[PDB]
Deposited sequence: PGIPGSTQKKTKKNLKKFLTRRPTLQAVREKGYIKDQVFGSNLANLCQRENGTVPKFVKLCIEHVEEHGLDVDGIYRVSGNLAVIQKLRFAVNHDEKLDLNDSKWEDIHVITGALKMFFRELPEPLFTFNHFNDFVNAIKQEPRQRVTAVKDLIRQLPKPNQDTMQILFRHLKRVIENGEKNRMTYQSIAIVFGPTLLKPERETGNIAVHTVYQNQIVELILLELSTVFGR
């Protein structure tokens, strides 16, 4: 025990940094927690494959479920989903291992939460908050033009995600979800400052509200 404490004592001060170990290629990014542009490149796409899987599964089995994207799924099952996705294993989101629809929506909300940079990017956060503070007659134009300045992975993933959430609200009579409850869910996760929450929820509401003109 004395020899191990001494070596640990010195190892702590001489341990290599995280970036040095990544320079060697020993630490590799997965699906969760990895840069969005790097993930889409490795998959030869502009939308993460797991994002497309969740949306297609929810639009086929969970569009009528009350309080979807608001009700939380089991965190342990989601963690099992993270490993199954991160290893590119044979995966069918309709299998009984994944329990219910809220595990799928919870894993989708987590994917955007775990992103190193927000979907709306760090360097455009100030512009988005300033665009939503403008006079209402000029907001939609300012939001659209900032979106057209984002990189292609962020543009494409934003459209597929928002068009999906639009159909969720359009079935609000069955699932009791509205523009406000959905924006409360995705507001803080899609827009973060590097370093307010009321303006972030307002940005997602506006995009969902004027979906047609914003992505024209």
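What the model leaves out of the deposited chain are the segments 1-7, 203-209, 231.
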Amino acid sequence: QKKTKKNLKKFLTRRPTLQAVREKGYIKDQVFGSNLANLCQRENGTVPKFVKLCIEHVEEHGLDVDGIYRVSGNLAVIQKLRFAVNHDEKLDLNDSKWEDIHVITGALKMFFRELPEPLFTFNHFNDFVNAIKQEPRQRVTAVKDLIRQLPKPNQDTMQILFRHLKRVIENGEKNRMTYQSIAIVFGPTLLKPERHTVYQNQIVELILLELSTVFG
From here on, numbers count along this sequence of modelled residues.
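Note on 91-99 vs 127-135: mean CA B-factor is higher in 127-135. Note on 142-150 vs 106-114: mean CA B-factor is higher in 142-150.
The residue among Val65, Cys54, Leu36, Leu161 whose C-alpha carries the highest B-factor in the deposited model is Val65.
Highest C-alpha temperature factor among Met177, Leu165, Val58, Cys40, as the PDB entry reports it: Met177.
Per the PDB record, residue ranking by Cα B-factor puts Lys10 in the lowest third of the chain. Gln155 sits in the lowest third of its chain by CA B factor, as recorded in the PDB entry. Among all modelled residues in this chain, the alpha-carbon of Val47 has a temperature factor (C-alpha) in the lowest third. Annotation for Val204: CA B-factor lies in the lowest third of the chain's modelled residues. When the modelled residues of the chain are ordered by their C-alpha B factor, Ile169 lands in the highest third.
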